[PDB]
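Enquirer: what shape does this take:
(7 chains, ligands or ions: 1)
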Amino acid sequence: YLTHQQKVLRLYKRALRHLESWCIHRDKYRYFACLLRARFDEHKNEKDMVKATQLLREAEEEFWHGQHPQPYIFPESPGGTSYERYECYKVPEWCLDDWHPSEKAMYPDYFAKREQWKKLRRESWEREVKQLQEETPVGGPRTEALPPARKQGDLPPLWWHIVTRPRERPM
Amino acid sequence: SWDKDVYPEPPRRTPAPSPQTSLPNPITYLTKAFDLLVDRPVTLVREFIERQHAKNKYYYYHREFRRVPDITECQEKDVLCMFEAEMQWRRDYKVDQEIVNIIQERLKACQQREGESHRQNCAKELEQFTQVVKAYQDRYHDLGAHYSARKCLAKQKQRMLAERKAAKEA
Amino acid sequence: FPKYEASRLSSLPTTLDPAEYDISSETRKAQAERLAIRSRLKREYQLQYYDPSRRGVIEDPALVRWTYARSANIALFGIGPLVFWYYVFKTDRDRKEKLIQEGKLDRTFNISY
Amino acid sequence: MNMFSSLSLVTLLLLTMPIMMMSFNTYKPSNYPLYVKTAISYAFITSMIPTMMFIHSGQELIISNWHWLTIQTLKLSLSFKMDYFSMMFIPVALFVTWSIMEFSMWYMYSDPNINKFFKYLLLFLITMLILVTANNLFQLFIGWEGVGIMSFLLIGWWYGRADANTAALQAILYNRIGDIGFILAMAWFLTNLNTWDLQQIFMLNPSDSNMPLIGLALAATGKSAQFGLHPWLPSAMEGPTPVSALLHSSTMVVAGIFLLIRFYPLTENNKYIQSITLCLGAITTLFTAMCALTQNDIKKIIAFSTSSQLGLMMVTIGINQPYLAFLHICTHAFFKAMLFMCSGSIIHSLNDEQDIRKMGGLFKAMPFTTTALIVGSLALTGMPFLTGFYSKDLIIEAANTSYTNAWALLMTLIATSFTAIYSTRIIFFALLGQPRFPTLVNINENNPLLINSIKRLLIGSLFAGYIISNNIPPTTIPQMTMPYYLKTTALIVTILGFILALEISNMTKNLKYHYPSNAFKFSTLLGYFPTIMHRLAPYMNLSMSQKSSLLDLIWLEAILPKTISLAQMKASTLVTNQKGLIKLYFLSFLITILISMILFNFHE
Amino acid sequence: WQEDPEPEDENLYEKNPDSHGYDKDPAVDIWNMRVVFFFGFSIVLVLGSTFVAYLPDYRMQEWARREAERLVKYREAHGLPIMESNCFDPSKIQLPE
Amino acid sequence: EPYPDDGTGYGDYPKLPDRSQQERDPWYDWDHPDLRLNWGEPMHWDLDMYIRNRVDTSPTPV
Amino acid sequence: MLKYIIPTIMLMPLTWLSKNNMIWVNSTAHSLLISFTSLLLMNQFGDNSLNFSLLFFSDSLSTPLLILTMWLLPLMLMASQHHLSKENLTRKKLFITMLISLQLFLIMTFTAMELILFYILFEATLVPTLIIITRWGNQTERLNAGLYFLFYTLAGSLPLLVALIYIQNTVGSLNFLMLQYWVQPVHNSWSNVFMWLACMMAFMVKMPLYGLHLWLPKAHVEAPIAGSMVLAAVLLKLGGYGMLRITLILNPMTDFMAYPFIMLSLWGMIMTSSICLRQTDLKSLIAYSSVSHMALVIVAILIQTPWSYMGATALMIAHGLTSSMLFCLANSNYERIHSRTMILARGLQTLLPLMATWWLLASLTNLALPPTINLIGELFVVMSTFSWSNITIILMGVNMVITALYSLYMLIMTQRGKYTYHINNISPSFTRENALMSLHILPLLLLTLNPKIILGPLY
Ligand SMILES: CCCCCCCCCCCCO[C@@H]1O[C@H](CO)[C@@H](O[C@H]2O[C@H](CO)[C@@H](O)[C@H](O)[C@H]2O)[C@H](O)[C@H]1O
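Expert: Numbering: from 1, shown residues only, chains lettered A, B, ... in the order given. Please see the structure below:
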């Protein structure tokens, strides 16, 4: 699934981040990040892909030996301290349909504009289905990529749940 | 309030205040504030309620159960006599549970009252607790959930038989 | 670098998997066929998930198949453990009953049971 | 008596009033958190009057105000014990909770469910005061399980996060394992002494107390997170920072130690239990202090500090010094709660960043948090005459001069040295050096709720130990004669730990890259206890049920629904599959009559 | 074959946003809410709890305590044992052998 | 690949790799992000044991 | 007891003569009035039971079961009326009639003095229960669940019929008051071993005893909600109540005959609790939770001590309200998503906040949080089995750990985490559903303030 170039670049990013977790201090990190870059540049032009694969394989074993047992993780990345912290506050938009009319009356302007989005979704749906139908090979899609809208006044197929997803800090 | 003989207390011995400082005791002034702001209004409310109770005075009594023949005097399978004997035994069983509770409450109050000297000063309560527990255990312990006067008697006669045999060998 | 020893609860990292780098062309073909199945199912799901008029649950046959299989078919389960505990408790209670009969178990304040 | 008893109860009743108002809709939601914070502060005031009365004359009493239930010869009353331990602990818990609640008004200001959060904090406190004032084991059990369940709800506050839910259930798992010991002690005391009341337990003073006390030691091991049942306390850092401050200082974790202090009249006569708690505390204090040496999350460092300090309290129990163990509980509550509040200040100012490797250069940018962090670190490390010194210093001397396990004593001194190291590690990486946080600088500690909350705990962290030390009545013969090298051991090894910590920290600046040692990986991954035990044990249990013996095959195959049903189905086809021929039916009549006379003599 | 299609599920809130969930008829829906709340909460739970609280000495627990006090007072005053091992008078018993 | 025929009762249910859901890519756009599952894909027999709240089989540095 | 039997019977003409749209209003209102009057049975004395007549009697054991029985009928009516909305009127009335007739048999079962009268009414409860499951259950398997339920019970009850008739011939009576006075010890012999088994196995299948339990998860998965409520709240307790009474005449043989059933229950409770951790069907999980809880009841009844009989009575009442509440909570989700799979709909606290509080309270009672009557009953059983043998504390302790694990796991999986994206018909909780939940939990938690009324005759 990953190409050789993709695997090399992912190792390079991964090794730098673990190197950064060992060094801590910026001047120390900058110094050793340059040595590491030099090692990658030492074989950038290796044309023999059999040798190149072995270099990649050996670099991965070297990384496994020298990885930080407790590397730095950005707080909201998977495994971070703030990961998924705000999922409890994310409420799907369809819940507003079940509001009592008295609750809806407190935001007359918000719910007026909400009807314009629901109307837009209703009048776009048939085109989106028919566009996907006529752009999909006989044996169904071969990838998960979706197409853009082709005409003016058309919306890209399957847009609602991307466009109206909850905000990252919804409360 | 309660019978002082059933629930005895010793005579309290408080020491008189003997200050050795010029600073005022904050507890003494808080006590005056508590008496004025808390106890006094509370007492007035109670005294009002006590006046109303006096206007309407009525009584309730403690039920007295006549003694009836016990299970030892009941002919085998004579349910009418066994019933009265069995209901009486159950009433006494509930009374003995409360007698042990009274003695346990004496022991617990003594331990708290005597402070760090409780091991020496609570000997009599401890000894009385030990005896009533022994007597209660002999009467009722190991009878099972379906206990009855009949099973209580069977247990006593077993104990009496072991006591007679032990003396016989002595 | 001592080699990685995988276990049941500690699996081999992908970057250390020798099969990860020795991609043939029939392995590429298998990967392309797996993605086709995933994409075909993704489309089927999305055409219902995005439908404005749908209100309910998108029934998933995979989930129904899993629960159906897991609920079928109605040593820790036979007579072994029952026998083992029987001899543990019977032995303990025989010893206790013997002591009580000989008057050698302390029950001085035991009047609750 | 009337003022003392009346004010002891208003304190507890006062705390339940905000709960009443919420659950009956008769309060102002605009500032429920302020209302809850005000109730705590008034409860602290009223609780200081009974405490003053006790300090004056040693006035103690028990209130058995409500007869709840009588089981034959076991009478259960709602019974409150206003004694030495209740009188001293309640004001400390209320004073600290007062700071934590004022701090939470700033820290949780953006939480949509702040009102529920403050209700949970108040319930979490009430269950602790039930635990502390309980006079019988059933009532104590109510508070025991109450703090556990409140911990579950507050650790799993952000319930959309799987790790938060996992940590919340982990706390329940480890604490219910300890609860096996609590129920064991309850069962033993009922069967052998006919009571759950502390008065009768102490009066009967059983000599054969191994079984009940091992049960209590197991309960304390879980609630205080001693070795074997320890991992849940570091994992509890999933909860919001105010939860960690309260969980780690004034409520849950010290309950295990407090349970053993309650029962010192039994443990002081049992050398065997003393030895067990001594060694259990010694391995706990060393092992968790070793783990803190390599942690990078600021909250986990302070979490391991609590475990290490709890182990020291368990060592104090083990050397027959219950009142010194209780003093450390009271002093530790101040600076430990303030260290968590200092860490929350830094985390907030750095956009929820908790890794110390991304801190640095905060000594001047956060002057007040810096001051509180330094004071708290010095108090924790036993700097002379700060609040931590008036307990730890006496504890190390008591252990040095006792008839004691030699290995446990050595492990305790090394852990004291390690305390200086991870305390240095926080200060060095959080406050010193150059900044390592992102470029957009939103550092701001200038909220009055933040400054005032920390300020009160800072004043407590300087003077509380001195004030408490000089007011409590003596209950032991403190040991004051010893060689110079046993008198100053704590101060020396603490100083050595600081000097060594500097060397190690400053070597992180040299342009040398090191491979990890095996000792470093052991410390970083917490001895592999969570990695091995939290995978293996769940795997065994979870595959236990969702899962061959021939003996069982006989009985199962015999009396299955499928086997019985097949038999009748087979018998039915034998009975019913007939040719319909007159000839065969009558021929069977002939056989029937013959065997009736020949085999069975029915003709006779 | 000749089978009716499966009907779509009905949301009671669509026709009646004030629905209590009891019935699709608004007037019946409200009445059914009131009987449940009045007979359930106002009567059974509130009056039933009050009834239970004032039961006259459930299983003579209080009488037994008063009776025990009377016996303890009498037996200590007269120097008798508080309680005896034998429940039944041995003079009324006749052992075998 | 089915489980080996025996008396357990798997039937023809697929035998899938004995891997935790914690090992799946967290950045991919799963239909069930918390479980890291896609609609329609076969669920491991022991999935309820391999959810992210329970048994982890992730590679370890040691 | 006629002051309860007759008004219960009158609920039938009331339902049939009601206006078309007032069948739910009328039957619910009047069955609550009957429930209210059931508190007059609290006139319990310390020595004598309340003996009304030659036929019926109440004591501290049957009284709490009677009040639970009569309180459950109105709750079953609120629980059922939504999923029966499309049923034709006559079939709705027949459904209500089956519930009314079940209450009539139950209140007579718990008050019968004579044991054959108990047997007949104990057996009569089968008919309406079977009809409710097989007629108004949802899926195909309800026909098999009816057959397993019927024949498990009859395989045990028919030997009981022989044993009871045998006992009357020998003793001369089966009146329970007489048996209290005419009871004679059971001597060792093979005849008495089978008399003991014939007297007990019918009640063991009802509890159900571990190893004889597999019918229960089938019945619950297939039954409608009212069927589950009565099954879990009261019908299982017929076995417990029967055993509590009939053990009077099986002494001392119970001393050793209990061992195989104590081992099954002590081990069975750990296995069923662990099974709950891996269940995928929410109704099946709650059914296994019931087997685990009832295992303690069997142990408590078999060891025959005052503390265990008090623990058994309290657990029976506490389990009835808790398990019935859990089924109602599970059903309210089912009426939205039409599936019992526990993993299907997650993160529901985000969408139904108050209903998530009912889940929390129900789970806390299931894991027996002090001072709930669930804990009081469990604690009393744990105390008494410790005296029976100290080692049992380990099995009891492990079960309490596992019980907390699956109780919270059920709460965490359904209420926490991220909501399922594609499920978008999670409408707000109805007043009926919230009232239904609170009519379980409120009486349950109020009983904490006055536990004695559920501790049975040994109190
Ligand atoms: C302790 C005493 C217990 C007494 C129990 C009461 C007796 C009940 C008698 C039922 C006997 C007949 O029950 C019958 O069993 C077979 C099982 O093979 C079922 O038959 C079913 O299973 C078999 C294989 O298992 C298939 O080949 C068959 O196609 C299928 O219909 C019948 O659908 C069922 O009606």
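
Enquirer: what about the helix or strand where residue G:325 lies, near chain C?
Expert: Using DSSP states H and E, residue G:325 sits in helix G:306-337. Yes - applying C-beta under 8 Å from any C-beta of the partner chain, one finds helix G:306-337 touching chain C at G:306, G:307, G:337. (C-beta placed from N, C-alpha, C; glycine too.)

Enquirer: right, and the last one touches residue C:57 too?
Expert: Yes - contact status for residue G:337 versus residue C:57: in contact at 5.3 Å, counting by C-beta atoms under 8 Å.

Enquirer: joint contacts of the two?
Expert: Shared contacts of residue G:337 and residue C:57, defined by C-beta atoms under 8 Å, 6 or more residues apart in numbering or on different chains, comprise G:344, G:345, G:423, G:425.

Enquirer: adding neighbour count and distance to chain C, write those residues out as TSV.
Expert: Listed next are the shared contacts of residue G:337 and residue C:57 as TSV, based on neighbours: other C-beta atoms under 10 Å in any protein chain shown; distance: C-beta to the nearest C-beta, whole Å:
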residue	neighbour count	distance to chain C
G:344	21	7
G:345	22	8
G:423	22	5
G:425	15	5
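
Enquirer: any chance of those residues in a markdown table, with secondary structure and distance to chain F too?
Expert: Compiled in a markdown table, the shared contacts of residue G:337 and residue C:57 are given as follows (DSSP: H, G, I helix; E, B strand; the rest coil; distance: C-beta to the nearest C-beta, whole Å):
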| residue | secondary structure | distance to chain F |
| --- | --- | --- |
| G:344 | coil | 10 |
| G:345 | coil | 11 |
| G:423 | coil | 11 |
| G:425 | coil | 17 |
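
Enquirer: and stretch E:64-74, C-alpha only, in PDB?
Expert: Output in PDB follows, covering the C-alpha atoms of stretch E:64-74 (Å, rounded to 0.1, in the frame of the first residue of the first chain):
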ATOM      1  CA  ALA E  64     -39.100  -6.300  73.600                       C
ATOM      2  CA  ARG E  65     -36.800  -3.500  74.500                       C
ATOM      3  CA  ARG E  66     -39.100  -2.100  77.200                       C
ATOM      4  CA  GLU E  67     -39.700  -5.700  78.400                       C
ATOM      5  CA  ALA E  68     -35.900  -6.400  78.500                       C
ATOM      6  CA  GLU E  69     -35.400  -3.200  80.600                       C
ATOM      7  CA  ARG E  70     -38.100  -4.300  83.000                       C
ATOM      8  CA  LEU E  71     -36.400  -7.700  83.400                       C
ATOM      9  CA  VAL E  72     -32.900  -6.300  83.700                       C
ATOM     10  CA  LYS E  73     -34.000  -3.900  86.400                       C
ATOM     11  CA  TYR E  74     -35.800  -6.600  88.400                       C
END
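
Enquirer: quick one: it near chain D?
Expert: No - using C-beta under 8 Å from any C-beta, stretch E:64-74 never reaches chain D; the gap is at least 8.8 Å.

Enquirer: against which helices or strands is the helix ranked longest in chain A packed?
Expert: Among all segments of chain A classified by DSSP state H, the helix with the greatest residue count is helix A:108-135. Packing partners of helix A:108-135 (3 or more C-beta pairs under 8 Å, 6 or more residues apart in numbering or on different chains; DSSP states H and E): helix C:26-49.

Enquirer: give the buried residues for the helix it packs on.
Expert: When neighbours are counted by 16 or more other C-beta atoms under 10 Å in any protein chain shown, the buried residues of helix C:26-49 are found to be C:35, C:38, C:39, C:40, C:41, C:42, C:43, C:45, C:46, C:47, C:49.

Enquirer: near chain G, from those?
Expert: Restricting these to those touching chain G (C-beta under 8 Å from any C-beta) yields C:45, C:49.

Enquirer: find the pair from the buried residues of helix C:26-49 with maximum spatial separation.
Expert: C:35 and C:49 (19.7 Å; C-beta to C-beta).

Enquirer: can you tell me the element residue G:57 falls in?
Expert: Element membership for residue G:57 (DSSP H and E) is strand G:57-58.

Enquirer: so what strands line up beside that strand?
Expert: Pairing partners of strand G:57-58, with direction, according to DSSP bridges: strand G:50-51 (antiparallel).

Enquirer: run the chain-centre distance for the partner strand.
Expert: Relative to the centre of its chain, strand G:50-51 is centred 24 Å away, using C-alpha atoms, centre = their mean, to the nearest Å.

Enquirer: ok, now which ones touch the residue in chain D that chain C sits nearest to?
Expert: Per C-beta to the nearest C-beta, residue D:552 is where chain D lies closest to chain C, at 3.5 Å. The contact partners of residue D:552, by C-beta under 8 Å, 6+ apart, come to C:75, C:77, C:78, C:79, C:80.

Enquirer: does the second one touch residue G:274 like I think?
Expert: Going back to what we said before, that points to residue C:77. No - the criterion here is C-beta under 8 Å, and residue C:77 misses it with residue G:274 at 10.9 Å.

Enquirer: neighbour count winner among these two?
Expert: Between residue C:77 and residue G:274, residue G:274 has the larger neighbour count (other C-beta atoms under 10 Å in any protein chain shown), namely 23 against 15.

Enquirer: the helix or strand harbouring the more buried one close to chain F?
Expert: Using DSSP H and E, residue G:274 maps to helix G:259-276. No - using C-beta under 8 Å from any C-beta, helix G:259-276 stays clear of chain F, with a minimum separation of 11.6 Å.

Enquirer: mind listing what's buried along that helix?
Expert: For helix G:259-276, the neighbour count (16+ other C-beta under 10 Å) marks G:259, G:261-276 as buried.

Enquirer: can you list contacts of stretch G:174-191?
Expert: Counting by C-beta under 8 Å, 6+ apart, residues outside stretch G:174-191 touching it are B:77, B:79, B:82-83, B:86, B:148, G:49, G:51, G:57, G:113-116, G:164, G:167-168, G:171-173, G:192, G:195-196, G:245, G:248-253.

Enquirer: now, of those, which are buried?
Expert: Burial by neighbour count, judged by 16+ other C-beta under 10 Å, picks out B:82-83, B:86, B:148, G:49, G:57, G:113-116, G:164, G:167-168, G:192, G:195-196, G:245, G:249-251, G:253 from the contacts of stretch G:174-191.

Enquirer: sort out for me which of those residues are in helices.
Expert: Using DSSP H, those in helices are B:82, B:83, B:86, G:115, G:116, G:164, G:167, G:168, G:192, G:195, G:196, G:245.

Enquirer: closest to residue C:85 out of these?
Expert: Ranked by distance to residue C:85 (C-beta to C-beta), those are led by residue G:196 at 21.2 Å.

Enquirer: does chain B sit close to the helix holding residue G:274?
Expert: No - counting by C-beta under 8 Å from any C-beta, no contacts exist between helix G:259-276 and chain B, the nearest distance being 15.2 Å.

Enquirer: C-alpha coordinates for that helix, CSV please?
Expert: Coordinates of each C-alpha in helix G:259-276 appear next as CSV, following Å, rounded to 0.1, in the frame of the first residue of the first chain:
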residue,chain,number,x,y,z
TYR,G,259,-23.4,-29.7,49.3
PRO,G,260,-23.8,-30.4,45.6
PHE,G,261,-26.1,-27.4,45.3
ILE,G,262,-23.9,-25.1,47.3
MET,G,263,-21.0,-26.0,45.1
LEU,G,264,-23.0,-25.4,42.0
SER,G,265,-24.3,-22.0,43.3
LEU,G,266,-20.9,-20.9,44.7
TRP,G,267,-19.1,-21.8,41.5
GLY,G,268,-22.0,-21.0,39.3
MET,G,269,-22.2,-17.4,40.4
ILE,G,270,-18.6,-16.8,39.4
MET,G,271,-19.1,-18.4,36.0
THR,G,272,-22.3,-16.5,35.2
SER,G,273,-20.8,-13.2,36.3
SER,G,274,-17.8,-13.8,34.0
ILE,G,275,-20.2,-14.8,31.3
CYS,G,276,-21.9,-11.4,31.6
